[PDB]
Amino acid sequence: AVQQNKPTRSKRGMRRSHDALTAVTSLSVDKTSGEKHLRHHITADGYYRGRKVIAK
Amino acid sequence: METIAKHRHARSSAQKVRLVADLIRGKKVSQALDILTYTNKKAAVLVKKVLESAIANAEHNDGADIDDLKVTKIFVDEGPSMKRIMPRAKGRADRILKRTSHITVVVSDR
RNA sequence: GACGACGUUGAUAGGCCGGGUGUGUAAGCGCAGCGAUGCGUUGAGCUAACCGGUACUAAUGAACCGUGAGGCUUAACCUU
RNA sequence: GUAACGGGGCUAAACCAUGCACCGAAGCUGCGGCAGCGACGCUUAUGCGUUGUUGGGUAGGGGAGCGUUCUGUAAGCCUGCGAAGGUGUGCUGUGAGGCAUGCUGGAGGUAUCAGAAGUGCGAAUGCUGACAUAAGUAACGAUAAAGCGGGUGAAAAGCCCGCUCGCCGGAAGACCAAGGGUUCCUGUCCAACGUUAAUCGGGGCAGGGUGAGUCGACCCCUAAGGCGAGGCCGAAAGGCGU
RNA sequence: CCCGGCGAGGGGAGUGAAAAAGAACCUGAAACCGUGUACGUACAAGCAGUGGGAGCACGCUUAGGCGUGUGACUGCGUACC
RNA sequence: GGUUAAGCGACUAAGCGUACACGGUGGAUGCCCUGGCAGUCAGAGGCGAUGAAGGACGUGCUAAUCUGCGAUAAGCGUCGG
C-alpha cells in the first residue's frame with residue numbers, strides 16, 4: 001500500500017524520460033492568402049485552399 | 001551582446017513550465033514563435049509573452065536586428081509557495097501548496 | 001501505443017439509388033351505421049449496424065526526417 | 001530445482017606406508033619512527049649515552065591536554081592601505097587543532113600569564129521552523145441535461161439579451177419568529193478568496209438606503225420560579241422565609 | 001522612454017561610496033531544485049567502499065614520465081545505536 | 001589496384017552518475033539596542049458618598065486607530081519660569 005524506502009532522485013528522472021512532448025514537424029502555406037496554418041485547418045483570416053470560406 | 005527578460009512570481013509549477021522551455025532551446029526567434037503559437041498548453045502563453053518582451057528590448061536598448069537573434073539560454077526556477085488548508089473527512093485537515101516559478105529568457109546575436 | 005486498408009491516376013467513411021429483412025393493411029378521401037366501429041383504395045406505410053452499385057461531400061500542391069560508394073590485418077583469387 | 005566432494009572434473013586429482021622440496025597469518029627475523037615502567041652513570045631545576053623489558057580491550061579506576069563565551073593585564077596592541085562572519089587554496093602537529101593567503105563582506109577584534117562557566121550532540125515514537133518522497137498519481141461534493149445565434153472584452157462551455165429543451169410545484173414557490181449583523185441597491189476593479197476560466201459574485205474599494213397616535217417593544221396585570229426590610233436559624237462564609 | 005490587458009512582471013536612463021543596498025530591502029550558511037562544460041555508462045547481478053589499474057581531458061614541464069578531474073577491468077568486503 | 005572469404009574493431013545517450021563554474025529557494029551565523037532580569041542608597045506606604053479601582057459613548061479643518069480631554073470636551077482662568 002505504501003513504500004518501505006524513499007526512492008532516489010535518479011529513479012524519479014528515469015520514470016520521467018517519456019514525458020517529453022513533441023513539436024509540430026511543419027505547417028502549410030495558403031495558396032492565395034499566403035499565411036501559415038495547420039494542415040487541413042482554416043486559416044486565421046478565414047481562407048482555405050484559396051476559397052475564402054466564411055470569415056465571420 | 002545579450003538581452004534578458006524575466007517574469008517572476010508566475011502562477012505555475014516549475015515542472016509544468018519546463019516542458020515548454022525545452023522545446024525552443026537553441027532555436028531562432030522566428031522559428032521559436034511559430035512553435036509556441038501551435039502548442040496547446042497554458043505555459044506556452046506565459047513563455048511566448050516573455051520571449052516577445054526580450055526581442056523588443058534588443059532593438060530599443062541595443063539596436064539589434066530580428067534576423068540575427070536566437071534563444072541562447074532559457075531556464076526556469078522555483079519561487080515561493082502559498083500555504084492553504086483543505087478539510088478532509090472525520091475532522092482531519094490537510095495542507096495545500098500553490099507553487100510559483102521564475103522564467104528567464106536570454107537572446108543574443110550569436 | 002501498436003497492427004491492417006485508403007487519399008482524386010481514388011469506393012476509405014457518410015449521404016444517395018436499387019434489393020433484402022422486420023413489423024402487419026399509414027395518412028387523406030369515399031361508402032355502411034343513431035353511435036362506438038367496420039369495409040374499399042392496400043400486404044399499405046415506415047424500416048438501425050446487412051447485400052449489390054454510385055465521386056454528390058470530405059480525404060490539397062507542398063513541407064519535414066533520412067545522404068553523397070562505405071575501417072584495418074592476413075590468405076586464396078582478378079593475374080588456377 | 002541437480003541439492004549427502006563447495007564447482008569442473010578425476011581411475012588418480014582415491015586409500016595405506018616411506019622420503020625430499022615448495023606454498024601458507026597482523027606469529028618470528030630484518031630496516032626506520034613514537035611512548036610507559038625498571039634498575040645504572042649519584043646524573044641532575046633533567047635530558048641523555050646508554051641499558052633491559054613492555055604497549056588487544058567492555059563495566060570501571062588513575063594520568064595529561066585541545067577549543068568556545070565572559071573578567072583583569074588593556075586609555076596597551078591590530079584595523080576603512082579593510083575587523084567579525086561566509087566560501088576556496090597551500091603548509092603543519094601523535095590527536096582534539098593551529099598558521100598564512102585569494103574572493104565575498106563593510107566595523108569591530110584581541111596576544112601573553114591568571115580567573116569564572118547556561119562550555120562541545122546523530123539517536124530519547126525529543127522540541128520549533130524550513131524543505132523532500134509517494135506524483136503531476138487520487139479527487140474536483142447527489143446521474144434534474146443541455147443546444148445554437150447576437151453583444152461586451154486582451155481572452156467567452158460558465159457573464160448579459162433572444163429562441164428551443166429538461167427539472168420542482170403540501171415545494172426546490174410565498175411571508176415570519178429564533179439566530180446572524182450590512183450579506184440589501186448603484187458605480188468601479190480581478191492580486192488573494194470561488195476546488196477550473198472569469199468581463200461574473202454573498203470577494204476588494206467608494207457612495208446611497210430602514211419615515212408609524214392604530215404593527216411590535218416599552219407600558220398595566222399575573223403563572224412556574226427568583227430576590228427579599230424586620231424576623232427565625234447557623235464556627236465565619238451563609239441558609240430559609242413574612 | 002520601451003514590451004504588456006491605461007495589468008502583474010521586466011529592460012534602459014537617473015540618484016548614491018555601494019541598487020548582486022529597490023522597499024518580498026545589512027550580512028545571506030545547510031537541506032532541497034535547475035542551466036553549462038570534462039570524463040564514464042544500454043551482455044551485466046548484492047551496505048556502493050577499499051587495494052591494484054588502462055584509456056581520455058587539462059595544467060605544468062630546460063620532453064623531467066609529476067599535479068588535478070573522471071574510473072573500463074580485477075582481489076577483499078552483509079550500515080549505525 | 002579489383003572481387004570473395006576469415007579474424008578483429010572506434011564513432012550512438014532516450015536518460016542517469018561524479019567533479020567544477022554560475023543561479024533559485026530558505027533565513028542560520030556575525031554585528032546592533034528606546035525591551036527585559038537581579039540588586040544598592042533614598043522616597044512614599046494608601047484611594048473612596050466632595051462619588052473610587054475599572055469601563056461605555058463622545059470630543060479635531062478629520063474616514064480609521066492610539067494618546068489627551070469631558071457638551072467650557074488634544075481644552076478655560078490666575079500666579080511664576
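In what follows, every heavy atom counts, from backbone to side chain, and hydrogens, waters and symmetry copies are set aside. Letters A, B, ... mirror the listed sequences (proteins, then strands); counts begin at 1.
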Would you mind pulling out the nucleotide paired to [N], Watson-Crick or G-U wobble, both distances under 3.5 Å?
N	result
D/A130	none
D/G93	none
F/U18	E/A38
C/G28	C/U41
D/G173	none

* Asked: D/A100: syn or anti, with syn meaning chi within 90° of zero?
  ->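 Glycosidic conformation of D/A100: anti.
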So, is [X] near the phosphate of [N], with a side-chain N or O under 4.0 Å from OP1 or OP2?
X	N	result
B/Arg8	F/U25	yes
A/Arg9	F/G17	no
A/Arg12	D/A134	no

When you compare the pyrimidine-type six-membered rings of [N] and the adjacent [M], are the centres under 5.5 angstrom apart while the planes stay under 30 degrees?
N	M	result
E/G75	E/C76	yes
C/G22	C/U23	yes
C/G35	C/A36	yes
E/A45	E/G46	no

* Asked: When rounded to the nearest 0.5 angstrom, what is the spacing between OH in B/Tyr38 and NE2 in A/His37?
  ->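 Here the rounded value is 8.5 Å.
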Given the structure, is [N] a Watson-Crick or G-U wobble partner of [M] (both distances under 3.5 Å)?
N	M	value
D/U119	D/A21	no
D/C160	D/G150	yes
C/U25	D/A17	no

* **Atom-to-atom span, NZ of B/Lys48 to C1' of E/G9 - whole angstrom** =>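 Rounded to whole Å, this separation is 18 Å.
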* May I have the distance from A/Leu27 (atom CG) to C/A62 (atom P), rounded to whole angstrom? =>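 Taking atom P of C/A62 as the reference, CG of A/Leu27 is at 17 Å.
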* To do: Report yes if the distance between the aromatic ring centroids of B/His9 and B/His102 is under 6.0 Å, otherwise no.
  =>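 Yes - the distance between ring centres of B/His9 and B/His102 falls below the 6.0 Å cut-off.
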* Asked: Would A/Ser33 and A/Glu35 count as having a side-chain donor-acceptor pair, cut-off 3.5 Å?
  ->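 Distance-only check passes for A/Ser33 and A/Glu35.
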* Asked: Taking B/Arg25 for the side chain and B/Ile74 for the main chain, is one N or O donor matched with an acceptor at less than 3.5 Å?
  ->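 Judged by distance alone, yes, a pair lies under 3.5 Å.
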* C1' spacing across the pair D/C34 / D/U71, given as an integer number of angstrom ->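 These two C1' atoms come out 41 Å apart once rounded.
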* Sugar-phosphate, base or nothing in reach of A/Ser28, heavy atoms under 4.0 Å ->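 The answer is base, as A/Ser28 lies within the cut-off (heavy atoms under 4.0 Å) of a base atom.
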* With a centroid cutoff of 5.5 Å and a plane-angle limit of 30°, would you call B/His7 stacked on E/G4? ->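 Not stacked: fails the 5.5 Å / 30° test.
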